[PDB]
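File shown: start_25.txt. Contents: compact mmCIF, C-alpha atoms.
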```txt
# COMPACT_ATOMS: atom_id res chain seq x y z
CA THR E 110 60.56 160.76 87.42
CA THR E 111 59.39 157.32 86.08
CA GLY E 112 60.37 155.95 89.50
CA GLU E 113 58.80 158.96 91.18
CA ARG E 114 55.61 158.17 89.25
CA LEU E 115 55.42 154.59 90.56
CA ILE E 116 56.19 155.82 94.10
CA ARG E 117 53.23 158.22 93.78
CA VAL E 118 50.81 155.45 92.84
CA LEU E 119 52.15 153.46 95.81
CA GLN E 120 51.56 156.40 98.12
CA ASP E 121 48.04 156.61 96.68
CA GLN E 122 47.26 152.92 97.30
CA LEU E 123 48.56 153.23 100.86
CA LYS E 124 46.53 156.30 101.79
CA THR E 125 43.39 154.77 100.26
CA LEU E 126 44.11 151.69 102.38
CA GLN E 127 44.66 153.80 105.52
CA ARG E 128 41.50 155.87 105.03
CA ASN E 129 39.32 152.82 104.41
CA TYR E 130 40.65 151.13 107.54
CA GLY E 131 40.16 154.28 109.63
CA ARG E 132 36.60 154.44 108.37
CA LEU E 133 36.01 150.79 109.38
CA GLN E 134 37.31 151.40 112.93
CA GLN E 135 34.73 154.09 113.63
CA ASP E 136 32.03 151.97 112.07
CA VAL E 137 33.01 149.26 114.55
CA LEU E 138 33.15 151.87 117.33
CA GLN E 139 29.69 153.15 116.35
CA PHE E 140 28.17 149.65 116.34
CA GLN E 141 29.81 148.27 119.49
CA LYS E 142 29.10 151.30 121.69
CA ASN E 143 25.47 151.30 120.52
CA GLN E 144 25.27 147.61 121.43
CA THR E 145 25.36 148.35 125.18
CA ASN E 146 21.95 149.99 125.45
CA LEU E 147 20.41 147.09 123.52
CA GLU E 148 22.06 144.40 125.66
CA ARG E 149 20.73 146.16 128.77
CA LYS E 150 17.26 146.37 127.23
CA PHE E 151 17.14 142.62 126.54
CA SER E 152 18.46 141.77 130.01
CA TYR E 153 15.76 143.96 131.55
CA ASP E 154 12.95 142.53 129.41
CA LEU E 155 14.01 138.95 130.20
CA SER E 156 14.00 139.64 133.97
CA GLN E 157 10.59 141.30 133.75
CA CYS E 158 9.17 138.36 131.81
CA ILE E 159 10.58 136.07 134.54
CA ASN E 160 9.05 138.32 137.22
CA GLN E 161 5.65 138.52 135.53
CA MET E 162 5.78 134.74 135.15
CA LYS E 163 6.25 134.55 138.91
CA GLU E 164 3.23 136.79 139.53
CA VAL E 165 1.19 134.72 137.06
CA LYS E 166 1.91 131.47 138.90
CA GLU E 167 1.00 132.78 142.37
CA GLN E 168 -2.25 134.36 141.18
CA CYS E 169 -3.41 131.42 139.04
CA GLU E 170 -2.62 129.04 141.92
CA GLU E 171 -4.78 131.27 144.11
CA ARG E 172 -7.59 130.91 141.60
CA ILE E 173 -8.70 127.73 143.42
CA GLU E 174 -12.44 127.27 143.73
CA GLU E 175 -11.98 123.51 143.30
CA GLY A 112 66.62 150.41 88.18
CA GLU A 113 65.07 148.99 91.36
CA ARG A 114 61.49 147.75 90.94
CA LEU A 115 60.96 146.92 94.60
CA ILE A 116 58.19 149.50 94.09
CA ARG A 117 56.41 147.26 91.58
CA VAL A 118 56.56 144.42 94.11
CA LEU A 119 55.17 146.71 96.82
CA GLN A 120 52.42 147.84 94.45
CA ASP A 121 51.51 144.17 94.03
CA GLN A 122 51.48 143.55 97.76
CA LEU A 123 49.30 146.58 98.47
CA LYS A 124 46.69 145.35 96.00
CA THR A 125 46.64 142.02 97.88
CA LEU A 126 46.40 143.85 101.21
CA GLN A 127 43.53 145.86 99.74
CA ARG A 128 41.79 142.61 98.76
CA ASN A 129 42.27 141.21 102.28
CA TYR A 130 40.93 144.37 103.90
CA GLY A 131 37.94 143.87 101.60
CA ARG A 132 37.28 140.43 103.05
CA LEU A 133 37.73 141.76 106.61
CA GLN A 134 35.34 144.67 106.03
CA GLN A 135 32.72 142.35 104.60
CA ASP A 136 33.04 139.83 107.48
CA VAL A 137 32.58 142.57 110.09
CA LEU A 138 29.75 144.32 108.25
CA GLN A 139 27.94 141.04 107.54
CA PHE A 140 28.16 140.08 111.22
CA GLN A 141 26.77 143.48 112.26
CA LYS A 142 23.90 143.28 109.81
CA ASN A 143 22.84 139.79 110.98
CA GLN A 144 23.14 140.66 114.64
CA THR A 145 20.82 143.63 114.18
CA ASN A 146 18.24 141.49 112.34
CA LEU A 147 18.39 138.74 114.97
CA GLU A 148 17.99 141.38 117.73
CA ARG A 149 14.78 142.67 116.16
CA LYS A 150 13.51 139.08 116.42
CA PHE A 151 14.93 138.55 119.92
CA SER A 152 13.28 141.75 121.17
CA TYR A 153 10.00 140.78 119.53
CA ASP A 154 10.01 137.41 121.33
CA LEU A 155 10.83 138.97 124.72
CA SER A 156 8.00 141.51 124.33
CA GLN A 157 5.71 138.58 123.51
CA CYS A 158 6.53 136.78 126.76
CA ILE A 159 5.79 140.03 128.63
CA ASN A 160 2.46 140.73 126.91
CA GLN A 161 1.32 137.11 127.17
CA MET A 162 2.08 137.12 130.89
CA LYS A 163 0.07 140.32 131.30
CA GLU A 164 -2.87 138.58 129.62
CA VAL A 165 -2.69 135.49 131.87
CA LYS A 166 -2.71 137.67 134.99
CA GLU A 167 -6.02 139.29 134.09
CA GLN A 168 -7.56 135.96 133.04
CA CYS A 169 -6.67 134.64 136.47
CA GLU A 170 -7.97 137.88 138.08
CA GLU A 171 -11.60 137.42 136.98
CA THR T 110 -17.78 124.62 134.69
CA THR T 111 -16.36 128.10 135.33
CA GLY T 112 -13.24 126.33 136.55
CA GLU T 113 -13.13 123.94 133.62
CA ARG T 114 -13.33 126.83 131.15
CA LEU T 115 -10.39 128.57 132.86
CA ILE T 116 -8.45 125.28 132.96
CA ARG T 117 -8.81 125.02 129.17
CA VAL T 118 -7.62 128.62 128.77
CA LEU T 119 -4.64 128.04 131.03
CA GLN T 120 -3.60 124.93 129.11
CA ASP T 121 -3.89 126.75 125.77
CA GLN T 122 -1.74 129.55 127.19
CA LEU T 123 0.83 127.12 128.60
CA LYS T 124 1.34 125.81 125.05
CA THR T 125 1.86 129.37 123.75
CA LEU T 126 4.45 130.08 126.47
CA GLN T 127 6.30 126.81 125.67
CA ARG T 128 6.35 127.96 122.05
CA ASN T 129 7.64 131.37 123.16
CA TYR T 130 10.43 129.69 125.15
CA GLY T 131 11.53 127.64 122.12
CA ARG T 132 11.74 130.71 119.91
CA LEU T 133 13.82 132.40 122.62
CA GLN T 134 16.02 129.32 122.80
CA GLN T 135 16.47 129.33 119.03
CA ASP T 136 17.30 133.08 119.17
CA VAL T 137 20.12 132.50 121.68
CA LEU T 138 21.39 129.50 119.67
CA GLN T 139 21.61 131.77 116.60
CA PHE T 140 23.64 134.38 118.48
CA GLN T 141 26.02 131.54 119.39
CA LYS T 142 26.17 130.47 115.72
CA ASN T 143 26.73 133.95 114.23
CA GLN T 144 29.44 134.60 116.84
CA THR T 145 31.47 131.39 116.39
CA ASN T 146 31.24 131.87 112.62
CA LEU T 147 32.75 135.38 112.92
CA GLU T 148 35.48 133.98 115.18
CA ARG T 149 36.37 131.52 112.41
CA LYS T 150 36.41 134.19 109.69
CA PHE T 151 38.34 136.67 111.82
CA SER T 152 40.90 133.96 112.64
CA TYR T 153 41.51 133.58 108.91
CA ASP T 154 41.71 137.34 108.22
CA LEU T 155 44.22 137.79 111.07
CA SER T 156 46.43 135.01 109.68
CA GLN T 157 46.34 136.66 106.25
CA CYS T 158 47.44 139.92 107.91
CA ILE T 159 50.35 138.50 109.93
CA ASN T 160 51.76 136.39 107.10
CA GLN T 161 51.63 139.07 104.41
CA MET T 162 53.26 141.36 106.97
CA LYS T 163 56.05 138.81 107.53
CA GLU T 164 56.75 138.46 103.79
CA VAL T 165 56.74 142.17 102.89
CA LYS T 166 59.31 142.34 105.71
CA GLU T 167 61.67 139.90 104.01
CA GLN T 168 60.99 141.38 100.56
CA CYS T 169 62.39 144.66 101.85
CA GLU T 170 65.78 144.96 103.58
CA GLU T 171 66.96 141.94 101.53
CA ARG T 172 67.32 142.58 97.79
CA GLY S 112 -9.68 117.21 137.72
CA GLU S 113 -6.46 118.02 139.52
CA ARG S 114 -4.52 115.45 137.42
CA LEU S 115 -4.51 117.94 134.55
CA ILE S 116 -3.93 120.70 137.12
CA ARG S 117 -1.03 118.63 138.51
CA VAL S 118 0.74 118.56 135.14
CA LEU S 119 -0.01 122.21 134.37
CA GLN S 120 1.75 123.04 137.64
CA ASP S 121 4.65 120.73 136.74
CA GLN S 122 5.07 122.05 133.20
CA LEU S 123 4.97 125.67 134.40
CA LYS S 124 7.66 125.09 137.03
CA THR S 125 9.94 123.37 134.53
CA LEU S 126 9.38 126.31 132.16
CA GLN S 127 10.29 128.77 134.92
CA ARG S 128 13.64 127.12 135.45
CA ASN S 129 14.22 126.97 131.65
CA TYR S 130 13.74 130.73 131.45
CA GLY S 131 16.16 130.96 134.37
CA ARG S 132 18.84 129.06 132.46
CA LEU S 133 17.95 131.12 129.38
CA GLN S 134 18.82 134.27 131.35
CA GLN S 135 22.15 132.91 132.56
CA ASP S 136 23.04 131.86 128.98
CA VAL S 137 22.34 135.36 127.63
CA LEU S 138 24.43 137.13 130.29
CA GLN S 139 27.32 134.75 129.59
CA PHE S 140 27.06 135.04 125.79
CA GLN S 141 26.93 138.86 126.02
CA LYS S 142 30.07 138.82 128.15
CA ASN S 143 32.02 136.47 125.87
CA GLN S 144 31.04 138.64 122.90
CA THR S 145 32.59 141.63 124.68
CA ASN S 146 35.76 139.65 125.38
CA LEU S 147 36.14 138.36 121.81
CA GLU S 148 35.68 141.90 120.46
CA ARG S 149 38.45 143.13 122.77
CA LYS S 150 40.95 140.37 122.07
CA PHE S 151 40.26 140.69 118.35
CA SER S 152 40.86 144.45 118.41
CA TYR S 153 44.11 143.89 120.30
CA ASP S 154 45.37 141.18 117.93
CA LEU S 155 44.60 143.09 114.73
CA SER S 156 46.24 146.21 116.21
CA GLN S 157 49.40 144.22 116.93
CA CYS S 158 49.44 143.16 113.27
CA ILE S 159 48.90 146.75 112.08
CA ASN S 160 51.66 147.96 114.44
CA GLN S 161 54.05 145.51 112.80
CA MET S 162 52.75 146.57 109.38
CA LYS S 163 53.84 150.14 110.13
CA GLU S 164 57.30 149.04 111.24
CA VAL S 165 57.62 147.35 107.84
CA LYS S 166 56.42 150.49 106.01
CA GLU S 167 59.12 152.69 107.58
CA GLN S 168 61.56 149.83 107.00
CA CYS S 169 60.55 149.60 103.33
CA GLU S 170 60.50 153.36 102.75
CA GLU S 171 63.97 153.69 104.25
CA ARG S 172 65.07 151.00 101.82
CA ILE S 173 63.37 152.25 98.63
CA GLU S 174 65.62 155.31 98.41
CA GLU S 175 68.80 153.58 99.58
CA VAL S 176 69.48 151.37 96.52
```

Write out the structure in this file as structure tokens.
Amino acid sequence: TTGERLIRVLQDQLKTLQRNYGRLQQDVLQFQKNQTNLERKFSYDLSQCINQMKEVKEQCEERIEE
Amino acid sequence: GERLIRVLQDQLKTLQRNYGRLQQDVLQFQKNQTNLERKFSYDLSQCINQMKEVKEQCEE
Amino acid sequence: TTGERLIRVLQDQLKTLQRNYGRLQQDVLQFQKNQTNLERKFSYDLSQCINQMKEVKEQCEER
Amino acid sequence: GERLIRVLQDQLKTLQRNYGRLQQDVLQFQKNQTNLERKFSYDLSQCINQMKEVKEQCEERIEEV
């Protein structure tokens, strides 16, 4: 003992370390995998806005009674 | 005897501090990206709904 | 004029769209800023990892 | 008359290309984000992998004395 006691605190610090880091990994995995559906949603909405803009232009240009 | 263990104990407390900085950098980035996305998705929706309104103004 | 009332509505709406574009441009600029910032932080954290690794290495196996 | 209509047409068309560039800048930013995430995962893992080599090294050495 006395040196076994210190070694036990060291084992404790290491497994607290390891468990925290493992928890962070799956938090990063959670976030990043969930990011994909959002990136696709923005991409879609930006294209649609660009397409509606194109329909707007054609129709307003048609609105010529001048 | 050999207090390499007390050195290691010191290094693990430093490594725990540095993990703490890494965890807060990652989590802060994630929190800001989610808040900015709420705004980004609001502004995209606004382009869409505005463009719907212009179409019907030009269709009457 | 029916046409001159629509012209005023179209010019008001063009201003709102230009505003919308600038908010979208500022949104994308902020993604760029948050990202490069994280790249700078992560660069520092990685260096702290490698260099404390290197030194625990020499601390052990050489007493 | 169509002077104001001229410039409404001009401003709209310049806006349409600015949204176009906007769209290309989002696709590119998204993609670089993905690549930075992946290189950063790889580089931290290489550091952790060397960390673990030093653990085994330093646990072999604690009880050698």

Self-check item: Contact residues around residue 117 in chain A with all atoms listed in the file at 12 Å, ignoring same-chain residues under 4 positions, as a list in words
Solution: residues 111, 112, 113, 114, 115, 116, 117, 118 and 119 of chain E; 112, 113, 121, 122, 123 and 124 of chain A; 168 of chain T; 173 of chain S

**Q.** Counting all atoms listed in the file, the residue of S:155, S:137, S:116, S:126 that sits nearest residue 134 in chain E
**A.**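 Under the stated criterion, the closest residue is S:155.
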
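Taking all atoms listed in the file into account, residue 149 in chain A lies nearest to E:151 out of the set E:125, E:133, E:151, E:110.
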
Counting all atoms listed in the file, closest pick from A:116, A:137, A:169, A:159 relative to residue 176 in chain S is A:116

Two-atom distance - CA of residue 126 in chain T, CA of residue 124 in chain S (Å) =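 Result for CA of residue 126 in chain T versus CA of residue 124 in chain S: 12.1 Å, one decimal.
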
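CA of residue 158 in chain E to CA of residue 119 in chain S spans 18.8 Å [interatomic distance, one decimal].
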
Worksheet item: chain E residues within 9 Å of chain A, counting all atoms listed in the file: which ones, as a ChimeraX atom specification?
Response: /E:112,115-116,118-119,122-123,125-126,129-130,133,136-137,140,147,150-151,154-155,157-159,161-162,164-166,168-172

May I ask you to extract the residues of chain T within 12 Å of chain E, using only C-alpha atoms, and to give them as number ranges by chain? T: 110-113, 115-116, 118-120, 122-123, 126, 129-130, 133, 137

* Asked: Taking only C-alpha atoms into account, which residues of chain S are within 9 Å of chain T, as JSON, numbers by chain?
  -> {"S": [112, 115, 116, 119, 122, 123, 126, 129, 130, 133, 136, 137, 140, 144, 147, 151, 154, 155, 158, 159, 161, 162, 164, 165, 166, 168, 169, 170, 171, 172, 173]}

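You will find CA of residue 148 in chain E at 10.1 Å from CA of residue 142 in chain S.
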
Would you give the centre and edge lengths, in Å to one decimal, of a box along x, y and z around the listed atoms of range 111-121 of chain T, with 4 Å added to each side, as AutoDock Vina command-line options?
```
--center_x -10.0 --center_y 126.3 --center_z 131.2 --size_x 20.8 --size_y 12.7 --size_z 18.8
```

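With all atoms listed in the file as the atoms that count, the residue of E:128, E:152, E:135, E:146 with the shortest distance to chain S is E:152.
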
Quiz item: So, counting only C-alpha atoms, which residue among S:131, S:163, S:121, S:114 is closest to chain E?
Solution: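 Checking each candidate against chain E, we get S:131 as the closest.
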